């Protein structure tokens, strides 16, 4: 990539070029920590001198630099980033069936199903969500809540070069703001749901919604919008719509949801046929995720029946309704989830409620340095929908843990039996003991998380699911 190529292709973003038509560019980077030699560095709104010695050929910037150094000055750094990136990796999206999945809820599950449902129906590609990155064959499991434009596009160019014709990507409501995914074009576009409350919230609801529709700008004029029925009319653009839902007039229409410890069983009316679907993952919410997929997928002449038979193998996402099926070995069934909203909490308990023929006991705490006030109402939820509530320490990052517990304690209905134990290890041990023949013990807050973060920097090992299994191995022992 010449600078001549950049300027040429992307001229209108660029305000002023003070740089040789020459400076071949070898890579792109956003953090100083990460600069290679020859890369172009993009300075987001002192460091300039630093990043140049580290080996930077030139630097993008939003205001006048005034330094001896080769620099493209742009109208909007962050946008520019996306766009450049798309070039330097050479638009990896044209060659690969790309999927973007946004919504308030169900991003990860829906994306992961797509992923699973393609590999499983034979095929090779790549997924990239919050919870699971699989870069080609590799499941490079690691640090992916802080990806930018370059990291995503990077990872789509491994996919294509390594010969996969599809990339399944979760489009965070966050990420549409960054503009992380602005240099992309998607072949399909799933929009799962939208909350009218004050979950996932920026402005009013219209600002909240509009920003989530933007995805469909970023959509190939070839490809399709896969929409929730309840958002039918909101679709302000002019492209292919496929609806799903329960209304009798949605393109794909899902029916008799039947959640049980074997999983969600539902019945989906495709607009050419009709079929049983069984996912193994538990939760009624899992039917609008499944439906959204069998739609998007089958909107490319994949035989439905066969797609539907895919979902059978899908056993949820690690840390999301993870049943410790290995607990029946005692006398109990145990659920690990990650719920850190009043909301996910409620959904969970209702589902364990439906599915559980017995008492439901809930171990949870709250994370340091999220909302301080959404805390006592998290307890409020659990105080209602659960027979016994065991309150334990979570990841009190910065926060002093006993100054979290106070905040949580207010929402507990003091009339019902609640129990407070500040050591997660003992909370869990206890709940297993006080719970009976065939009760359900649910542990929330953490999920697949691998350490408990007490100190900003000082953290001990604690895998929620595993400690459970540990205590069970120990009880059975004697």
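Positions refer to the first chain, counted from 1.
Novice: Please count the deposited residues lying between residue 45 and residue 46 that the model leaves without coordinates, and give the class: none, 1 to 3, 4 to 9, or 10 or more.
Specialist: The entry has a gap there, with 4 to 9 residues left out between residue 45 and residue 46.
Novice: Should the higher mean CA B-factor in the entry be assigned to 32 to 40 or to 440 to 448?
Specialist: If you average the C-alpha B-factors of 32 to 40 and of 440 to 448, the larger mean comes out for 32 to 40.
Novice: Return whichever of 100 to 108 and 294 to 302 has the greater mean Cα B factor according to the PDB record.
Specialist: Taking the mean B-factor of the alpha carbons in each, 294 to 302 is higher.
Novice: Out of 353, 116, 124, 180, which shows the largest CA B-factor listed in the entry?
Specialist: 124 has the highest C-alpha B-factor of those listed.
Novice: Say you rank 272, 187, 387, 322 by Cα B-factor from the PDB entry; which sits at the top?
Specialist: That would be 272, according to the entry.
Novice: Among the modelled residues of this chain, does the Cα B factor of residue 288 put it in the lowest, middle or highest third?
Specialist: Lowest third - that is where residue 288 ends up once the chain's C-alpha B-factors are sorted.
Novice: If you rank every modelled residue in this chain by C-alpha B factor, which third holds residue 357: lowest, middle or highest?
Specialist: Highest third of the chain for residue 357's C-alpha B-factor.
Novice: Where does the C-alpha B-factor of residue 68 rank in its chain, lowest, middle or highest third?
Specialist: Ranked within chain, residue 68 CA B lands in the highest tercile.
Novice: Looking at the C-alpha B-factor of residue 133, is it in the lowest, middle or highest third of its chain?
Specialist: Lowest third - that is where residue 133 ends up once the chain's C-alpha B-factors are sorted.
Novice: Going by the CA temperature factor in the PDB record, which third of the chain does residue 280 belong to: lowest, middle or highest?
Specialist: Tercile = lowest for this residue's CA B-factor.
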